[PDB]
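Only one chain is given next, in structure tokens, and it is the form solved without the named molecule.
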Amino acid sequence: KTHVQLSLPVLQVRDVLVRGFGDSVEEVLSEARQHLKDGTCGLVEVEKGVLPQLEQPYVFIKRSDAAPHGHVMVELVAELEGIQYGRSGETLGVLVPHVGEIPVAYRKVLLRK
């Protein structure tokens, strides 16, 4: 399937134990996609002070369209030193590894895979 329905645990930035997916744009996009497939991916909602508390490169989910079965269609964009790799809509949040942190919410997304 080009798209996969996922429910992503929304984590508080200060609970996150593993604050990024790796050390290159290509690695963080790779790792993010692997974690999304494996159900081991969290989502942090981006506000003032969040991104400086996580590790670059960042992996964003961004709205790719205007929402089947309650799932917003999203795609991945990475960012490293202020340059983005990909082009998409509004940020739903920043992806991080999920290693058993308790979420505050779930974000239903349709991931273009």
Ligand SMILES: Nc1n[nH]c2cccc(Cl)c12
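Numbers for residues come from their place in the sequence shown, where the first is 1.
What comes next is about the form solved in complex with the named molecule, which does not appear here.
Among heavy atoms of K108, none comes within 4.5 Å of the named molecule in the deposited bound form.
Contact check for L36: a heavy atom falls within 4.5 Å of the named molecule in the deposited bound form.
Shown here without the named molecule, the chain has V4, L6 in 1-20 lying with a heavy atom within 4.5 Å of that partner in the deposited bound form.
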